[PDB]
Amino acid sequence: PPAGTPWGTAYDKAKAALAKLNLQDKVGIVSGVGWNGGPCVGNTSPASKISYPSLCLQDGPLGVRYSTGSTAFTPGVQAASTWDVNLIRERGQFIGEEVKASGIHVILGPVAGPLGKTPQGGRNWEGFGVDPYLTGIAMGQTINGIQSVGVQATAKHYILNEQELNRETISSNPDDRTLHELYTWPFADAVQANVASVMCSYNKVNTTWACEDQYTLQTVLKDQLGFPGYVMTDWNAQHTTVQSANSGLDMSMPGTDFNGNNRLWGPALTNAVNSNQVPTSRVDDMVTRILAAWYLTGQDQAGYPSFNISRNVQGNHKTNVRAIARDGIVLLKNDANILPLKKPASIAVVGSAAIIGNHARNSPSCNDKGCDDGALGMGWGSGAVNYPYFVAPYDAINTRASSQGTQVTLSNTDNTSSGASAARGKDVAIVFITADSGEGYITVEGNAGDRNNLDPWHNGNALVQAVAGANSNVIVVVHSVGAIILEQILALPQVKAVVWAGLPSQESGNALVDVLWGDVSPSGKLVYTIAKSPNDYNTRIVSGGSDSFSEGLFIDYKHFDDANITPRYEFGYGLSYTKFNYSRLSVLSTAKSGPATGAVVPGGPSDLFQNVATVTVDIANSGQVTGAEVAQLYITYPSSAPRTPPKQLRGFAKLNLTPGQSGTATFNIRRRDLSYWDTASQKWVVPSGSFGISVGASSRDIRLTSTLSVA
Ligand SMILES: *[C@@H]1O[C@H](CO)[C@@H](O[C@@H]2O[C@H](CO)[C@@H](O[C@@H]3O[C@H](CO[C@H]4O[C@H](CO[C@H]5O[C@H](CO)[C@@H](O)[C@H](O)[C@@H]5O)[C@@H](O)[C@H](O[C@H]5O[C@H](CO)[C@@H](O)[C@H](O)[C@@H]5O)[C@@H]4O)[C@@H](O)[C@H](O[C@H]4O[C@H](CO)[C@@H](O)[C@H](O)[C@@H]4O[C@H]4O[C@H](CO)[C@@H](O)[C@H](O)[C@@H]4O)[C@@H]3O)[C@H](O)[C@H]2NC(C)=O)[C@H](O)[C@H]1NC(C)=O
Ligand SMILES: *[C@@H]1O[C@H](CO)[C@@H](O)[C@H](O)[C@H]1NC(C)=O
Ligand SMILES: OC[C@H]1O[C@@H](O)[C@H](O)[C@@H](O)[C@@H]1O
């Protein structure tokens, strides 16, 4: 790592601190005390000689876990659905503040793995959607936000943990280009934003456990992407004392298995070094990397608060949760201006997802959010936290509707008769369906982490059907961990509006009325494809020992485009209460063909992240109300290049505009954004020829097109 740069400075302090330490101090730095051995989710032994504390590591990606005075931030997937980097950075900042104040050094997040290739994947919601570019930017933005507050971030999970089923035994075996150009891409962005830490995943990669694999840890992440920080195991994801240490692993978390066995480091590592099974330079390096993180985030300095998880650290962070839950809502359908609602006489609200249930209550049965009872705000597993409060859709609708004279009828179960009765007669009927998933150690309603199917939960399809048979103007509201097939719902001519609310967390109700009554126009867009049929997707949750990743670069919309399948709603699709005009598309480039030539800095060869071209378009609010548009750039590579997905998202801007108001969206093209991983030459290459430039409101709603040349 070069000097003058943040990492370089930290390594100097890290090398200097290493001198004062014995082997006993070193292995205590790298060895977890055990499963629940300390007061945090993770803990290591302190080194008092350098005033290095017992390192406190905690879940997770959306806030402080097991805390009684904490904010439950929206899942990453909601943040990405805003398409708003400012809200994304803020979210990471706000998480970081609560982590410092609660006395935790390392937050175990955010998530780039799984990327999310299979809609049934139980953990995708924790991430940033299916596109490596968007997810990449969001990793960058989030990590800056988190670490600028003085807390350590963890890029997670490295790598290819794209399903929950047999995650601890299944092998992920993609070809080299798929590995570099798709799944690693977002991880580069993380390394480049100077991420403190990287978590290696539970799965195997080409038959080798991820936390024991020389090639992914050493050659690719550490060497090729120039990651100066440290790699920790997922909880009990280490299988060896010796092999893991030599491969590139830096930290054994949490130290033991749940029963307190399989202690492969610590005393065993003290043995291994003595026999020179593990050299000394290797153990020095781990401790270097670990301490350099502690120095990068300035956690040595001043009075870092002590671990107190009952501290009220919320503040006014709910504003970020409000904004993201609200601006992350996608409007899928809206016929005959049914929406926004403008003071109707009566409203029917139908569904168990409409009201407070066990999920929103932090119920003792519903541990780790391991249930889909009542209103839904997130998935389950390690990436869930407790709700400090929860605003149920019904309650927020009730207050607002009542205030303006509207009467409300509630049918708060999923019963079809009650649903239809409540609907019949009323001016509109709003019905609430869900779908849930999570980490694959909790089975909820038969779903062992990953979803069994892509249908609504609790017979949501029948409920919509029942209500539609009793009312002409139906609004369907979905809160979901991922794509749900919507063809049955859409077949009902009575269904006039669908609202893809996503995962809103604690501010569910408010965000929704924000959009429903049109205090804000919806501006969210999809970060994954909603298909007409489950069959149209090209990936499966794999039940055998191996996923060959043979689909390669072609996942979600890249498959849909290439095979010419028409989705119901495409990636980057989203409606608005107003509309927008695109004009004056311009393209400027100085990009040159050939391999990346810069030396390796955090993120890879130095030129890869530097801008080489710029694309411009003017967006004008041609509607009658204020609203934000997410203008998107898609790139088609030249015909000289190998088989590459036809369109590839390479930029996005969001512009908020009053009626008649115009603005310029600017897309900065980094070198990588025109590159592909040439496997033969083992380098990132920009191809020569003519690139296609597609600019529009989605991956499919292209409005203007042009070209970009390479010599
Ligand atoms: C899981 O396993 C898979 C499968 O192994 C992993 O992918 C593999 O990753 C490694 C890197 O670790 C790559 O190795 C590199 O290979 C290139 C050459 O690549 C070409 O040949 C490949 C093998 O071809 C054999 O088989 C064909 C028939 O199929 C026969 O005709 C041949 O005779 C061979 O027997 C072939 O697989 C490649 O095709 C792939 O890529 C092309 C596009 O390039 C696609 O069209 C295909 O679809 C396909 O995916 C390809 O044609 C070597 O050049 C590399 O060695 C160089 O670089 C090293 C590092 O710098 C260095 O040590 C060497 O010295 C060497 O450098 C030499 O060359 C330089 C540049 O030319 C010179 O500058 C220098 O002077 C020197 O002379 C390297 O060995 C594999 O290609 C790759 N395989 C695939 C299929 O992708 C995957 O990573 C694993 N996944 C995990 C762990 O998650
Ligand atoms: C933890 O925080 C609470 C504030 O609610 C305080 O009463 C208590 O003293 C703190 N305990 C420790 C050990 O810091
Ligand atoms: O709770 C600590 C860890 O638990 C594991 O089961 C999960 O896979 C990780 O995402 C999490 O960080």
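Labelled according to the PDB entry, the protein chain appears under the name Beta-D-glucoside glucohydrolase, originating from Trichoderma reesei. The protein chain has a UniProt comment under Pathway (unreviewed entry) that states "Glycan metabolism; cellulose degradation." Taken verbatim from the UniProt record of the protein chain, the Subcellular location (unreviewed entry) comment is "Secreted".

Visitor: How do you make sense of the site of ligand 3 when you look at a structure like this?
Guide: In the region of ligand 3, 14 residues are neighbours, and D59, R123, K156, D234 and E439 sit closest. Note that an oxygen atom of ligand 3 is positioned 3.4 Å from one of the side-chain N or O atoms of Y202. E439 is positioned with one of its side-chain polar atoms (N or O) 2.7 Å from an oxygen atom of ligand 3. Surface burial for ligand 3 is 92%, taken as the share of its 320 Å² of free accessible area covered by protein chains. Here the residues of the shell around ligand 3 are counted per class, giving five nonpolar, two polar and seven charged.

Visitor: Hey, could you run me through the domain arrangement of the protein chain in this one?
Guide: Accessible area lost upon the coming together of the parts serves often as the stated size of an interface. As far as domains go, the protein chain holds domain 1 (1-302), domain 2 (314-579) and domain 3 (580-711). Between domain 2 and domain 3, the C-alpha centre-to-centre distance is 31 Å. Across the contact, 22 residues belong to domain 2 and 27 residues belong to domain 3. Roughly 1,900 Å² of surface becomes buried between domain 2 and domain 3 when both sides are summed, with 52% attributable to carbon and sulfur atoms. Looking at the side of domain 2 facing domain 3, the largest losses of area belong to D561, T578 and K579, adding up to 29% of the total buried there. If you look at where domain 2 meets domain 3, you find four salt bridges. Notably, a salt bridge pairs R643 with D562, separated by 2.8 Å at the nearest N-O pair. Where domain 2 meets domain 3, there are 15 residue pairs in polar contact. Looking at which element gives the most residues to the side of domain 2 that touches domain 3, the answer is helix α19 (residues 556-562), with five residues.

Visitor: Help me understand the sheet that holds strand β22 (residues 627-636), please; the structure alone is not making it clear to me.
Guide: The strands that make up a sheet are held in pairs by hydrogen bonds between backbone atoms, and each pair lies either parallel or antiparallel. With antiparallel pairing, four strands are arranged side by side in an open sheet as β23-β22-β27-β28. Two strands bound the open sheet, and with one partner strand each, they are β23 (648-657) and β28 (702-710). Here the average twist between neighbouring strands, direction ignored, is 20 degrees. Note that strand β27 (residues 689-696) and β28 share eight bridges and pair antiparallel. Bridge pairing in β28 places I693 opposite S706.

Visitor: I keep staring at the packing of aromatic side chains and nothing clicks. Help me out?
Guide: Aromatic ring pairs are defined here through the distance separating the ring centres and the angle between the ring planes. According to the stated counting rule, one finds 18 aromatic pairs in the structure shown. Taken together, a centroid distance of 5.3 Å and an interplanar angle of 80 degrees make the contact between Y183 and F549 edge-to-face. Taken together, the residues span a long stretch of sequence, with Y183 in helix α6 (residues 176-183) and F549 in the loop between β16 (546-547) and α19 at a distance of 366 residues. Across this residue pair, the class does not change: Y183 and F549 are buried. Between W677 and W684, the aromatic rings sit 5.8 Å apart at their centres with planes inclined by 70 degrees, giving edge-to-face as the arrangement. The same class applies to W677 and to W684, which are both buried. In this structure an aromatic cluster arises from ring pairing among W83, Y557, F571, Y634 and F652. Above the face of the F554 ring, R643 is positioned so that its terminal group lies 3.7 Å from the ring centre.

Visitor: Where do I start with the site of ligand 2 in this structure?
Guide: Inspection of the region around ligand 2 gives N308, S310 and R311 as its neighbouring residues. One of the side-chain nitrogen or oxygen atoms of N308 is found 2.3 Å away from an oxygen atom of ligand 2. Protein contact buries 29% of the 360 Å² of open area that ligand 2 shows by itself.

Visitor: Looking at this structure, how should I read the nonpolar core?
Guide: What tends to happen in soluble globular proteins is that the nonpolar side chains get buried as a cluster. Grouped together as the largest cluster of nonpolar side chains are 171 residues, with contacts concentrated most on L332, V476 and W500. Per element, the largest residue contribution to this core is nine residues, and it comes from helix α11 (residues 280-296). Discounting residues that sit within four places of it in the chain, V476 has contacts with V431, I433, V464, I489, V495, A497, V498 and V499.

Visitor: Help me understand the pattern of salt bridges in this model?
Guide: Pairs can form between side chains of opposite charge once their charged atoms are near each other. Following the criterion strictly, the structure yields 31 salt bridges and no others. Taking the shortest distance from any N to any O, the salt bridge between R322 and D514 comes out at 2.7 Å. Residue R322 is found in helix α12 (residues 318-327), and its partner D514 is found in helix α18 (residues 508-516); the two are separated by 192 residues along the sequence. Since its relative accessible area comes to 27%, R322 is described here as partly exposed. Under the relative-accessibility criterion, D514 is labelled buried at 7%. When salt bridges that share partners are traced, they join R123, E126, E164, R167 and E439 into one network.

Visitor: Please clarify how the state of the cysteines should be interpreted in this entry.
Guide: As used in these notes, a disulfide is a covalent bond between sulfur atoms, one from each of two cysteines. Evaluation of the coordinates by the stated rule reveals three disulfides. At a sulfur-sulfur separation of 2.0 Å, the disulfide partner of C40 is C56. Handedness of the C40-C56 disulfide follows from its S-S torsion of about -110 degrees: it is left-handed. Pair noted here: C40 is in the loop between α2 (23-30) and β1 (42-43) and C56 is in strand β2 (residues 56-58), with a separation of 16 residues, a long-range link. You'll find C40 and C56 in the same group, each marked buried. For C366, the disulfide goes to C371, at an S-S distance of 2.0 Å. Here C366 and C371 share a disulfide; its torsion about the S-S bond, -95 degrees, makes the bridge left-handed. Grouping residues by exposure puts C366 and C371 together as buried. Disulfide partners in the protein chain, listed by the sequence order of the bonded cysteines, are 1-2, 3-4, 5-6.

Visitor: What is the right way to read the sheet that holds strand β26 (residues 683-686) from this model?
Guide: The three strands lie next to each other as β18-β26-β25, forming an open sheet whose pairing is antiparallel. Of all the strands in the sheet, just β18 (594-595) and β25 (676-678) have a single pairing partner and so form its edges. Pairing of β18 with β26, which is carried by two bridges, proceeds in the antiparallel orientation. Bridged to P595 within β26 is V685.

Visitor: Please explain unusual backbone geometry as it appears in this structure.
Guide: What you tend to see is this: most non-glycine residues have negative phi, and most peptide bonds are trans. Omega for the peptide link from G109 to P110 comes to 5 degrees, which places this bond in the cis form. Examined against the element boundaries, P110 turns out to sit in the loop between β3 (106-107) and α5 (132-147). Each neighbour pair has its own omega, and for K156 with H157 the value is -10 degrees, a cis peptide bond. Looking at where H157 falls in the secondary structure, it is placed in strand β4 (residues 152-158). Here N236, not a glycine, exhibits a phi torsion of approximately 75 degrees, which is positive. Secondary-structure assignment places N236 in the loop between β9 (230-233) and α9 (242-247). Judged by relative accessible area, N236 falls into the partly exposed class, the value being 25%. Backbone geometry places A302, a non-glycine residue, at a positive phi of 45 degrees. Within the secondary structure, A302 is located in the loop between α11 and α12.

About the criteria used
- Residues numbered from 1 in each chain as written, not as in the entry; some residues may be left out.
- Chains lettered and ligands numbered in written order.
- Heavy atoms only, no water.
- UniProt positions renumbered as here; feature names shortened; annotations may be inferred.
- Near = heavy atom within 4 Å.
- Polar contact = N/O pair within 3.5 Å; in protein donor to acceptor, adjacent residues only side chain to side chain.
- Areas by Shrake-Rupley, 256 points an atom, 1.4 Å probe, with all protein chains shown as cover.
- Nonpolar A, V, L, I, M, F, W, Y, C, P; charged D, E, K, R; others polar.
- Domains from an automatic or database assignment.
- Contact = heavy atoms within 4.5 Å.
- Buried area = accessible area lost by both parts, 1.4 Å probe.
- Salt bridge = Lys/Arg side-chain N within 4 Å of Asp/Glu carboxyl O.
- Helix = DSSP H or I, 4+ residues; strand = E, 2+ residues; numbered from the N terminus.
- Pairing = 2+ DSSP bridges.
- Axes fitted to C-alpha atoms, helices over the stretch in contact; angles between N-to-C directions.
- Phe/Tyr/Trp six-rings, centres within 6.5 Å; stacked < 30°, edge-to-face > 60°.
- Buried < 20%, exposed > 50% of the residue type's maximum accessible area, 1.4 Å probe, protein only.
- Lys NZ or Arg CZ within 6 Å of the ring centre and 35° of its normal.
- Core = buried A, V, L, I, M, F, W, Y, C linked by side-chain atoms within 4.5 Å.
- Disulfide = S-S within 2.5 Å.

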